[PDB]
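enclosed are the sequence and the experimentally obtained structure.
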Protein chains: 2
Amino acid sequence: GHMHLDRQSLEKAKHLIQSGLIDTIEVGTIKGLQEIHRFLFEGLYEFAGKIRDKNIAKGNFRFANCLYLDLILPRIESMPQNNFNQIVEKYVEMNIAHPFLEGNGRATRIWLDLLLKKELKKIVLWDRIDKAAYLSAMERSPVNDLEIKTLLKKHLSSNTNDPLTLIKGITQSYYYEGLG
Amino acid sequence: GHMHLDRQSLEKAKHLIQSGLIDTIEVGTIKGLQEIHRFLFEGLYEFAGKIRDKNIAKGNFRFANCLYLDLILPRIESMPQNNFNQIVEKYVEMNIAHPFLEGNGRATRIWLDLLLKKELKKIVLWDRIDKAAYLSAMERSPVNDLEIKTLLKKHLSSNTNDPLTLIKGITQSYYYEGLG
Ligand SMILES: [Zn+2]
Ligand SMILES: [Zn+2]
C-alpha cells in the first residue's frame, strides 16, 4: 500500500551514508547485519536489529526455520569470502536465512556491498540493475545462483566511497521493495 | 516486497475477532481507533497505537498535517453517525486524517465496521469489494464521496457476528494493501 514507513527508512539509510557512520559497521558478520538493520528501521519496526522468533515465507518457500537460526547464522558467517563467487554464495545463504521479520532484502544488500568493498574493492551499482531481473535472479538463487552472479558481476564499480553513487543504489534497493 | 510483517499482523487481526476481544474496543472514537491499531501492530511497529508526529503522503496528496491532528481528530470524532451517509462521511474524514505512520487503512476499515455494527447493525462484506474499485473510490473520496458511498452501500450484511464472514473480510482488507 502507501508504505509511508519506508519513506522514513530511506531517509535513515541516506543519513547512514552521508554521516560516514557506515564505515563504523562490522563487516561480513551477523552483528554487522543487525547494526545495518537497526539503523534502517529503528523507531519504525519494534524488532529493528532483532533476530526474528517466528517463521516467514514467500509463497510456498519457507525461509530458515527460526528453530535453527542460532546454528545456521554462525555457519553462514564462517563461509569463505575470498572472491566474487564466494561472496555472492555467502549472500545467497544469508538471504535464505532471512533473519529479520521484515527488511531482510534492503539490510542484506548493504551488507553485501560492504563485503564486496572490503574484499574486492567493489560495490554493486543497484541503479543499473532492473528490478524484475533482480527479483527473478533472487528467486532462482536457492536452486541456481548463476543468474544472480552474472547479474551482479555485470555491474560492479570501484567508485566505492562516493556518497551519491551509494545513495542512488540505496534508492534503487528500496524501489525493489515497491517504494517508487 | 514480501510483507512478512503484514502476514504476522493478519494473525493478530484474526485473533482480535476470534477471541471476542473486538467486542470491548471502544466504538467510533480516536482512542478506539488507536486500540485497533495497537492490537494489529503491537510488537511489529514501534509506533503501534500512537498518533504520528511526522507528515505523510501519497503522490502529491498530503494527509492532514500532524500540526493539526490534535485539533481535527476531536472534530472528526464529534461528527454525527445516525445513518449510513453520515458514517461514511466520518470514515472519509478519518481516512484523510490518516493519523498513524502506517496501517491507517486496515485499522480504520475495522473502525468503520464497528460503527456500522453499532449504529445500523451491518458490516461491510469487504471480500465482495474488488480492490481496484475500493482503491479508486478512496482516491476520489476527498473530492467526491459518491463512489465510496455507492460501493459500500451495495455490500453490506446483517450477519455482523459470523467469524468466518469477518475473517474473509479482514483477509480482503489486508489484500487491499498487497498481501496475497
Ligand atoms: Zn496511507
Ligand atoms: Zn522477505
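Looks like it arrived, so ask away. Numbering: from 1, shown residues only, chains lettered A, B, ... in the order given. Ligands and ions are numbered 1, 2, ... in the order given.

tell me which residue of chain A lies closest to ligand 2.
residue A:104 (5.0 Å; CB to the ion). C-beta: built from backbone N, CA, C; applies to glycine.

now do that residue against residue A:58, distance only.
10 Å (CB to CB, to the nearest Å).

what sits up against the one helix or strand residue A:96 maps to?
Taking DSSP states H and E as the criterion, residue A:96 maps to helix A:84-97. The contact list for helix A:84-97 (CB atoms under 8 Å, 6 or more residues apart in numbering or on different chains) reads A:28, A:33, A:63-64, A:69, A:72-73, A:76, A:79-81, A:104-105, A:108, A:111-112, A:115-116, A:119-120, A:138, A:141-142, A:145, A:148-149, A:152-153.

how many other residues sit next to residue A:7?
When neighbours are defined as other CB atoms under 10 Å in any protein chain shown, residue A:7 has 16 of them.

excluding chain neighbours, what is closest to it?
Nearest non-adjacent residue to residue A:7, counting by CB to CB, 6 or more residues apart in numbering or on different chains: residue A:179, 7.0 Å away.

what do you get for residue A:168?
What sits nearest to residue A:168 in space, not counting adjacent residues and going by CB to CB, 6+ apart, is residue A:127, at 4.5 Å.

what's the neighbour count on that neighbour?
Per other CB under 10 Å, the neighbour tally for residue A:127 reads 16.

helices and strands around the helix or strand hosting residue A:168, which ones?
Residue A:168 belongs to helix A:163-175 when assigned by DSSP H and E. The helices and strands touching helix A:163-175, judged by 3 or more CB pairs under 8 Å, 6 or more residues apart in numbering or on different chains; DSSP states H and E, are helix A:4-18, helix A:104-120, strand A:123-124.

circling back to that earlier point, could you flag which of the contacts of helix A:84-97 are buried?
A:28, A:33, A:63-64, A:69, A:72-73, A:76, A:81, A:104-105, A:108, A:111-112, A:115-116, A:119-120, A:138, A:141, A:145, A:148-149, A:152 (16 or more other CB atoms under 10 Å in any protein chain shown).

wait, what's in contact with the most centrally placed residue in chain A?
By CA atoms, centre = their mean, the mean C-alpha position of chain A lies nearest to residue A:108, the distance being 1.7 Å. Residue A:108 makes contact with A:33, A:91, A:94, A:95, according to CB under 8 Å, 6+ apart.
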